[PDB]
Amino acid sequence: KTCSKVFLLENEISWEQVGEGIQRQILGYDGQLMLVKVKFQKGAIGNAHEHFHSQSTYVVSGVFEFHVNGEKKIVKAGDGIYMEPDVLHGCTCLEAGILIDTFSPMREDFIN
């Protein structure tokens, strides 16, 4: 049965170390939709990558420089970013904060 629990409580879920200055919690998901909370320290880099999944991100807090398909924009709390299937994208955290990354379908690699 491939899905998260119903209530994903931050203080009950393990933070996974993703890289230097980057930690994440996988929150609500099934095979078609996955929501990930990613906490960045200043200076941390989301390495450029491509994947077939659709991705839609929300900036909860902090300030980030994002690039999507070669285009750069600084985004801040309240802003969103859409990454169509297979587009190159990544980010650098300018001030510590949280992103919510969402995916369709799920990122099987994030649980396996």
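A residue's number is simply how far along the shown sequence it sits, counting from 1.
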| query | What stretch has the higher average Cα B-factor here, 42 to 50 or 73 to 81? | reply | 42 to 50
| request: Between 23 to 31 and 62 to 70, name whichever shows the higher mean Cα B factor according to the PDB entry. | output: 62 to 70
| task | Kindly indicate the residue among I111, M106, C3, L8 with the greatest C-alpha B-factor in the PDB record. | result | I111
| remark: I13: C-alpha B-factor third of its chain, per the entry, is the highest
